[PDB]
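J.: Got a file for you: final07.tsv, TSV, C-alpha atoms.
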```tsv
chain	number	residue	atom	x	y	z
A	1	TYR	CA	17.18	-70.35	18.35
A	2	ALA	CA	17.41	-69.25	14.71
A	3	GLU	CA	14.22	-71.12	13.82
A	4	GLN	CA	12.48	-69.62	16.86
A	5	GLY	CA	13.52	-66.18	15.62
A	6	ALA	CA	12.16	-66.98	12.16
A	7	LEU	CA	8.89	-68.16	13.73
A	8	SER	CA	8.70	-64.89	15.68
A	9	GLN	CA	9.32	-62.96	12.45
A	10	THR	CA	6.49	-64.81	10.68
A	11	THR	CA	3.97	-64.31	13.48
A	12	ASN	CA	5.02	-60.64	13.61
A	13	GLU	CA	4.18	-60.47	9.90
A	14	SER	CA	0.78	-62.12	10.49
A	15	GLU	CA	-0.04	-59.69	13.30
A	16	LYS	CA	0.97	-56.87	10.93
A	17	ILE	CA	-1.41	-58.23	8.28
A	18	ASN	CA	-4.14	-58.49	10.94
A	19	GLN	CA	-3.58	-54.81	11.77
A	20	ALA	CA	-3.49	-53.84	8.07
A	21	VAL	CA	-6.90	-55.45	7.57
A	22	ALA	CA	-8.28	-54.22	10.92
A	23	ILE	CA	-7.63	-50.62	9.88
A	24	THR	CA	-9.90	-51.22	6.86
A	25	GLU	CA	-12.46	-53.14	8.92
A	26	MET	CA	-12.60	-50.05	11.15
A	27	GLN	CA	-13.06	-47.71	8.18
B	1	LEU	CA	71.07	-70.90	22.23
B	2	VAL	CA	72.74	-73.30	24.71
B	3	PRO	CA	70.99	-76.71	24.14
B	4	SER	CA	71.48	-76.38	20.37
B	5	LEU	CA	75.27	-76.16	20.83
B	6	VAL	CA	75.98	-79.31	22.88
B	7	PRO	CA	76.12	-81.77	19.92
B	8	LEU	CA	78.51	-79.33	18.25
B	9	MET	CA	80.42	-79.21	21.54
B	10	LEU	CA	80.47	-83.00	21.95
B	11	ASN	CA	81.64	-83.55	18.37
B	12	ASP	CA	84.87	-81.73	19.34
B	13	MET	CA	85.71	-83.97	22.32
B	14	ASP	CA	88.87	-86.09	22.44
B	15	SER	CA	87.38	-88.53	24.94
B	16	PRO	CA	87.08	-92.26	24.10
B	17	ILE	CA	83.40	-92.19	25.16
B	18	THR	CA	82.53	-89.77	22.34
B	19	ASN	CA	81.29	-92.39	19.86
B	20	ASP	CA	78.83	-93.61	22.50
B	21	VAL	CA	77.60	-90.14	23.50
B	22	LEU	CA	76.94	-89.16	19.88
B	23	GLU	CA	74.81	-92.23	19.14
B	24	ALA	CA	73.04	-91.70	22.48
B	25	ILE	CA	72.19	-88.16	21.33
B	26	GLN	CA	70.98	-89.52	17.97
B	27	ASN	CA	68.79	-92.15	19.66
B	28	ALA	CA	67.33	-89.57	22.07
B	29	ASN	CA	66.56	-87.16	19.21
B	30	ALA	CA	65.00	-89.98	17.18
B	31	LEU	CA	62.83	-91.02	20.14
B	32	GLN	CA	61.83	-87.40	20.79
B	33	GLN	CA	60.82	-86.70	17.19
B	34	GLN	CA	59.07	-90.09	17.05
B	35	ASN	CA	56.97	-89.24	20.12
B	36	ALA	CA	56.28	-85.77	18.70
B	37	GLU	CA	55.10	-87.08	15.32
B	38	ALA	CA	53.08	-89.77	17.12
B	39	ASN	CA	51.28	-87.28	19.38
B	40	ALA	CA	50.80	-84.52	16.75
B	41	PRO	CA	47.47	-85.84	15.27
B	42	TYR	CA	45.88	-85.59	18.73
B	43	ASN	CA	47.19	-82.03	19.06
B	44	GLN	CA	45.84	-80.90	15.69
B	45	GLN	CA	42.54	-82.65	16.48
B	46	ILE	CA	42.30	-80.68	19.74
B	47	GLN	CA	43.16	-77.47	17.82
B	48	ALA	CA	40.46	-78.00	15.17
B	49	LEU	CA	37.94	-79.01	17.84
B	50	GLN	CA	38.60	-75.87	19.88
B	51	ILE	CA	38.24	-73.79	16.70
B	52	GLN	CA	34.87	-75.45	16.03
B	53	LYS	CA	33.79	-74.78	19.64
B	54	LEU	CA	34.71	-71.12	19.40
B	55	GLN	CA	32.78	-70.88	16.09
B	56	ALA	CA	29.78	-72.63	17.66
B	57	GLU	CA	29.79	-69.92	20.32
B	58	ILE	CA	29.60	-67.30	17.52
B	59	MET	CA	26.60	-68.90	15.85
B	60	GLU	CA	24.93	-69.53	19.23
B	61	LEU	CA	25.18	-65.91	20.37
B	62	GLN	CA	24.16	-64.61	16.94
B	63	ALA	CA	21.07	-66.85	16.96
B	64	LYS	CA	20.19	-65.67	20.48
B	65	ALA	CA	20.54	-62.03	19.37
B	66	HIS	CA	18.37	-62.73	16.31
B	67	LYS	CA	15.58	-64.41	18.30
B	68	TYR	CA	15.63	-61.67	20.95
B	69	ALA	CA	15.42	-58.96	18.27
B	70	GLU	CA	12.48	-60.69	16.58
B	71	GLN	CA	10.77	-61.11	19.96
B	72	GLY	CA	11.19	-57.38	20.52
B	73	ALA	CA	9.71	-56.66	17.09
B	74	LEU	CA	6.78	-58.97	17.89
B	75	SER	CA	6.26	-57.09	21.17
B	76	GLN	CA	6.33	-53.79	19.25
B	77	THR	CA	3.69	-55.04	16.80
B	78	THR	CA	1.34	-56.34	19.49
B	79	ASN	CA	1.84	-53.04	21.36
B	80	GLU	CA	0.71	-51.29	18.17
B	81	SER	CA	-2.35	-53.56	17.89
B	82	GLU	CA	-3.31	-52.91	21.52
B	83	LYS	CA	-2.91	-49.18	20.78
B	84	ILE	CA	-5.26	-49.50	17.79
B	85	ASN	CA	-7.71	-51.43	19.99
B	86	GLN	CA	-7.64	-48.54	22.48
B	87	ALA	CA	-7.97	-45.95	19.69
B	88	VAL	CA	-11.13	-47.67	18.47
B	89	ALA	CA	-12.43	-48.41	21.99
B	90	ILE	CA	-12.39	-44.69	22.80
B	91	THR	CA	-14.77	-44.17	19.85
B	92	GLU	CA	-16.86	-47.23	20.73
B	93	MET	CA	-17.28	-45.62	24.16
B	94	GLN	CA	-18.31	-42.27	22.66
```
Using structure tokens, write down the structure that the file contains.
T.:
Amino acid sequence: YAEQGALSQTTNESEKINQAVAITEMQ
Amino acid sequence: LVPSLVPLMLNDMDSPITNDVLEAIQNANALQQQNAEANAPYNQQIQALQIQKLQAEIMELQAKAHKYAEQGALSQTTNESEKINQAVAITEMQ
């Protein structure tokens, strides 16, 4: 369960990086 | 207080059976403490094992709370990305 939570944290971080580059791909 | 007084009571008896009763008490106490010190490793093993079980429950519930909190944060982030997709789809429409 702890490693599943860490995996969820890492894919949350990758979705955040995808948003942080999609805001610059928009503008 | 009563069962701790009966050897001190029986030491003060003028009966001829007293020397038999006292060694019977000594043999019973020796057998009782022998059984107690023979069964005590199993008791401390059960104690340590129950302590480890109750600690395993701590780490289990903490790991469940951690994974549920990170799943909620993941849901928040994908909600934000769907919101950004809508906020650019309204301008792709117009």
J.: Neighbours of residue 16 in chain A within 9 Å (only C-alpha atoms; same-chain residues fewer than 6 positions away dropped), as number ranges by chain?
T.: B: 77-78, 81
J.: Please report as a ChimeraX atom specification which residues of chain A come no farther than 7 Å from chain B, using all atoms listed in the file.
T.: /A:1-2,4-5,8-9,12,15-16,19
J.: Between CA of residue 58 in chain B and CA of residue 39 in chain B, what is the distance, to one decimal in Å?
T.: 29.5 Å
J.: One number please: CA of residue 4 in chain B to CA of residue 26 in chain B, in Å, one decimal.
T.: 13.4 Å
J.: Could you tell me how far CA of residue 25 in chain B sits from CA of residue 8 in chain B, in Å to one decimal place?
T.: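 Going from CA of residue 8 in chain B over to CA of residue 25 in chain B, I get 11.3 Å.
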